[PDB]
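> Task: produce atomic coordinates for the following.
(one chain, ligands or ions: 1)
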Amino acid sequence: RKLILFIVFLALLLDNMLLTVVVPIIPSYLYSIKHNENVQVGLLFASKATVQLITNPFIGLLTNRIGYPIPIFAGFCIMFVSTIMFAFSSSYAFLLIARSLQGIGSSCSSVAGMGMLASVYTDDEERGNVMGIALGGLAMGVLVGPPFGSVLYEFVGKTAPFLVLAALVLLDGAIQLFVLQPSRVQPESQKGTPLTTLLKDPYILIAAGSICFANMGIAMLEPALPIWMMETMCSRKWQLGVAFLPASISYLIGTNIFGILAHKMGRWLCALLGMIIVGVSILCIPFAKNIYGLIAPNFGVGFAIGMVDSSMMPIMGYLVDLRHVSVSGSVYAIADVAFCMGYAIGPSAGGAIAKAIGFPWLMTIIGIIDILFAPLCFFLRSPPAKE
Ligand SMILES: COC(=O)[C@H]1[C@H]2C[C@@H]3c4[nH]c5cc(OC)ccc5c4CCN3C[C@H]2C[C@@H](OC(=O)c2cc(OC)c(OC)c(OC)c2)[C@@H]1OC
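Numbering: from 1, shown residues only. The coordinates are given below.
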């Protein structure tokens, strides 16, 4: 069980690291190779999220039939294929294919690893701690990703970060042989309430929408910032990923503080404050004209997003416990749908908005939306039960 937890933690870490390594590399690479680009990069970045969203229903149907280890190993293989294609491709179509494949492997590994964790551990006190440790590998991967890719892209070329990540994925796949023996076919049983029934509830809609908008505020920022940083003639040496580093660190700091402070303060008020701070900070991003000017707004963005998430995940758990037949994975299913929809709508519309009216107005619109959604958290002050 320790090895399974480590395997799932490392799988999520490598998935998010591969998702975030391309942020400083590909936009600058496609920007340089040219010398409508915004829309192309937006579609390239949103393809992974939309493919993962589409694939999610068809992975549960596979785990319900052949168990967890086979889709886990298939996810690892797809991750290695995507990593190699990222490493060696130099064309837009191949990069799009590599991004799309990452969605299939990410869905496979996330759904099957989380199910395996939620089913192996029988004691709910142990299961909660285990799933907290494993799900924390996503934010650690997001933190590690950008600076590593930026430094290796500046100093030892574009292929090196992806080759190193491919080696890590190979090591994880070799660990799978020692631990799981993916040839094992296992049964599975379905419990709880179907997701489509939960999404019909307006309160779960409020919480999921808050999370979706809070994370879309940076889903749009991921492909657009490395192109807007060309206004400062910014180099890649300790700059293109270190620009995103403060948000990654502040997310961890804010989650650590407010996962404790929210229960005392109130999760609805905590989420409302987080939404307001997110809006204000992404409004304050465009006015910076130096790399040192992005430290405060990115820190605010990460801190407030961590505040919103720490306030909203227990809120969703409490809501599904009150209103429907809850299971250990319902909160993760709702949050994953919210994240996928946010990261799919973000870049796709952000590219068009940036082309039409520019990046500062894109950030202004997103900040206004994130501020205006905050008052809807008042409906979560005391939600009633249903017959
Ligand atoms: C698509 O998403 C991700 O890439 C992950 C991150 C999303 C977002 C983010 N992206 C960035 C990209 C950057 O590029 C340079 C820089 C900074 C950021 C930040 C800072 C803010 N934030 C950090 C990451 C959050 C992660 O999600 C969880 O940690 C999580 C935890 C849970 O429980 C503890 C869950 O279960 C309820 C759960 O359910 C889905 C998810 C999420 O994985 C699903």
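> Domain-wise, how is the protein divided?
Domain ranges of the chain: 1-188, 191-387, per automatic domain parsing.
> Tell me if the longest one is near the ligand.
What it means is domain 191-387. Yes - using Cβ under 6 Å from any ligand atom, domain 191-387 reaches the ligand at 215, 218, 222, 244, 247-248, 251, 302, 305, 313, 331-332, 335-336, 339, 343. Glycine gets a C-beta too; all of them are placed from N, C-alpha and C.
> Stretch 20-34 too?
Yes - using Cβ under 6 Å from any ligand atom, stretch 20-34 comes into contact with the ligand via 20, 23.
> which residue sits closest to the residue in the stretch 151-300 of the chain that the ligand sits nearest to, ignoring its sequence neighbours?
Distances between the stretch 151-300 of the chain and the ligand by Cβ to the nearest ligand atom are smallest at residue 244, namely 3.6 Å. Closest residue to residue 244 apart from its sequence neighbours, by Cβ to Cβ, 6 or more residues apart in numbering: residue 146 at 4.6 Å.
> what two of the residues of domain 191-387 next to the ligand are the furthest from one another?
244 and 331 (27.1 Å; Cβ to Cβ).
> tell me the contacts of the most centrally placed residue in the chain?
Nearest to the geometric centre of the chain sits residue 339, at 6.3 Å (Cα atoms, centre = their mean). By Cβ atoms under 8 Å, 6 or more residues apart in numbering, residue 339 lies in contact with 211, 212, 215.
> Most neighbours of all those, which one?
Counting neighbours by other Cβ atoms under 10 Å, residue 211 leads these with 26 neighbours.
> quick one: that residue and residue 310 touch, right?
No - the criterion here is Cβ atoms under 8 Å, and residue 211 misses it with residue 310 at 11.0 Å.
> So for the strand or helix carrying residue 126, what gets flagged as buried?
According to DSSP states H and E, residue 126 maps onto helix 124-135. Neighbour-count burial for helix 124-135, counted by 16 or more other Cβ atoms under 10 Å, picks out 127, 130, 131, 134, 135.
> right, is the next helix or strand after that helix up against the ligand?
With elements assigned by DSSP H and E, the helix or strand that comes after helix 124-135 is helix 137-155. Yes - applying Cβ under 6 Å from any ligand atom, one finds helix 137-155 in contact with the ligand at 138, 139, 142, 146.
> Which elements pack onto the helix or strand just after helix 137-155?
Downstream of helix 137-155, the first helix or strand assigned by DSSP H and E is helix 159-179. Counting contacts by 3 or more Cβ pairs under 8 Å, 6 or more residues apart in numbering; DSSP states H and E, helix 159-179 is packed against helix 2-34, helix 69-88, helix 137-155.
> As a markdown table, those helices with mean neighbour count would be great.
Shown next, in a markdown table, are the helices and strands packed on helix 159-179 (neighbours: other Cβ atoms under 10 Å):
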| stretch | mean neighbour count |
| --- | --- |
| helix 2-34 | 21 |
| helix 69-88 | 21 |
| helix 137-155 | 21 |
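> buried set for stretch 164-181?
Those would be 164, 165, 166, 168, 169, 172, 173, 175, 176, 180, for stretch 164-181 by 16+ other Cβ under 10 Å.
> ok so, going back, the residue of the stretch 151-300 of the chain closest to the ligand touches residue 298, doesn't it?
Yes - in this structure residue 244 lies within contact range of residue 298 using Cβ under 8 Å: 6.8 Å.
> I'd like the helices and strands packed on helix 159-179 written out as CSV, with distance to residue 197 added.
Formatted as CSV, the helices and strands packed on helix 159-179 follow (distance: least, Cβ to Cβ, whole Å):
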stretch, distance to residue 197
helix 2-34, 27
helix 69-88, 25
helix 137-155, 26
